[PDB]
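Each chain, letter by letter, is given below.
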Amino acid sequence: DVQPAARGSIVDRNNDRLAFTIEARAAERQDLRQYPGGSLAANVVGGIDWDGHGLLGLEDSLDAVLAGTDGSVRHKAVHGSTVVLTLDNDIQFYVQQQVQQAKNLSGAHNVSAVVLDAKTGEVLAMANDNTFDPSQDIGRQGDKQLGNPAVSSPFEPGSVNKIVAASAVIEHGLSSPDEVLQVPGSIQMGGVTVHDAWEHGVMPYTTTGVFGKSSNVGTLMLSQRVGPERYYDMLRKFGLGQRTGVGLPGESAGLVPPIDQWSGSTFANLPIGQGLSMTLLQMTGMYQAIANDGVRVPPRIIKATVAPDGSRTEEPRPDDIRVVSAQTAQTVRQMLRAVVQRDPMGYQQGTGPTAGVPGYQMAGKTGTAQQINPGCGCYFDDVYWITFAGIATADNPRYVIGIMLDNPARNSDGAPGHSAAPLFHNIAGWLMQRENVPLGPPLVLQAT
Ligand SMILES: *C(=O)[C@@H]([C@@H]1NC(C(=O)O)=C(S[C@@H]2CN[C@H](C(=O)N(C)C)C2)[C@@H]1C)[C@@H](C)O
Ligand SMILES: [Co+2]
Ligand SMILES: [Co+2]
């Protein structure tokens, strides 16, 4: 009497299959969910329950689309639609493997990475270490990552947030890349004292150098020119504190204190990336706005759905959001090249030279942010999120990469330190090579 719907499949942007169903026998007939990639993108895809309905991930959140509706006799069975993701399995597989061995090498508790298409904001890879395998029983995998931290688990971004300040001073005409500043080693601001990560007297950093060397004092001086209201406004335009709408269950909104509630010291913290939280996707989404000539396209991971007859409906495109002008966005991309610039004499070296890839105009930003000690309700001294976000490339934006490491003891490649810059190098360089992308004067970070 019952006519069963056949579960639809989940495929990547090139119709490469991630999840699909085969017919078997046991209550006699029995559908078997196949995951040919094992753990590949399982943070996104999810897994099935014993009854063949989704248990978690997109298998669950899109279950209605994928399961269809059983028929009877007459009511015709509505077979499940196939879901096409924006993911590129080749990119996802490379990125997911690099994330796992950045975790092993660095000693971090967890690692995640997001790659967005620069122009559309489509999610090309989203990965975390320790990803579970939905072809095996989930009750055997308590030691595994079953979820999707890149959207669910916010963190404080540290100096990667300084893209907001850079964008605001350039957009409002308050400074220019070549302005020579005078940056003391510390200032008193809103009742507190902010210090640069290195002791120094007054340095003649250019505005480019303030972000290239990640000077907190320089960042806050420039942020004083912007003001709290224009700064908070730019935070919101970059999409912070708000869900992206990417189409994945468990998305966190992060946390941005609304301006009417700031304490006297909020403005001394937010511009350098403390006192607010965001997900890795929001973080990467900020750099996508600058990559896309100032126009933020909220990221999306559903590309389309295919009906059982074979007809294809594209997912509707989210509306653009103008954050800064194209001229401003191009200026910020060029400035962020200083972060990855090498200088043997040290003077004109950024904080992330290992993130540079010779022959390409890589641009990016390093971050280190203290975490909150759960017992004192205060910051740890020596527990950090490490972050990096960057654009490949400044002159031709194609890819946007965001990375977070939860408290590594070493670099992402295993050398002493605690930088994610080498992970960006690996991924960004590989994206250029695999597409045979073809290959000016040094930037001035520090004047005389
Ligand atoms: C931003 O994350 C903080 C400052 N900017 C940077 C930076 O982007 O590199 C740092 S961390 C810098 C690099 N590694 C040095 C170090 O002493 N360690 C190995 C821990 C210092 C600044 C702290 C901003 C939030 O203060
Ligand atoms: Co009827
Ligand atoms: Co290399």
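What the deposited record gives as its method is X-ray crystallography, and the resolution it gives is 2.3090 Å.

This part takes up the overall build of the chain. Along the chain, the regular secondary structure elements total 12 helices and 19 strands. Whereas a compact globule of 448 residues would reach a radius of gyration of roughly 22 Å, the chain reaches 23 Å, a difference of no more than 12%. When its C-alpha atoms are laid out on the principal axes, the chain stretches across 85 × 50 × 45 Å.

Let us now look at the UniProt feature "active site" in the chain. UniProt records the feature "active site" for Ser159 in the present numbering. Those residues within four positions of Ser159 in sequence are excluded, and the remaining contacts are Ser214, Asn216, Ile272, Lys365, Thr366, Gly367 and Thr368.

With that settled, consider the sheet that holds strand β17 (residues 363-373). Read from one edge to the other, the open sheet built from five strands follows the order β10-β9-β19-β18-β17, with strand pairing classed as antiparallel. Looking at which strands have only one partner, the edges of the open sheet turn out to be β10 (123-128) and β17. Taken over all neighbouring pairs, the strand axes of this sheet differ in orientation by 15° on average, direction set aside. Bridge count for strand β9 (residues 111-117) against strand β19 (residues 399-406) is seven bridges, and the pairing is antiparallel. Bridged to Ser112 within β19 is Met404. Against the sheet, helix α4 (residues 89-106) engages β9, β10 and β19, with an angle of about 30° to β10.

Quick look at the packing of helix α10 (residues 280-291) against helix α11 (residues 326-336) now. At a closest axis distance of 8 Å, the pairing of α10 and α11 adopts a crossing angle of 115°. Listed contacts from α11 to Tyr287, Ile290 and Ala291 of α10 are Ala329, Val332, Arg333 and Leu336. Counted by class, the contact of α10 with α11 contains six nonpolar, no polar and one charged residues.

Cut-offs used in this document
- Residues numbered from 1 in each chain as written, not as in the entry; some residues may be left out.
- Chains lettered and ligands numbered in written order.
- Heavy atoms only, no water.
- Residues with missing side-chain atoms left out of burial classes, pairs and counts.
- Helix = DSSP H or I, 4+ residues; strand = E, 2+ residues; numbered from the N terminus.
- Rg over C-alpha atoms; globule rule 2.2 N^0.38 Å.
- UniProt positions renumbered as here; feature names shortened; annotations may be inferred.
- Contact = heavy atoms within 4.5 Å.
- Pairing = 2+ DSSP bridges.
- Axes fitted to C-alpha atoms, helices over the stretch in contact; angles between N-to-C directions.
- Nonpolar A, V, L, I, M, F, W, Y, C, P; charged D, E, K, R; others polar.

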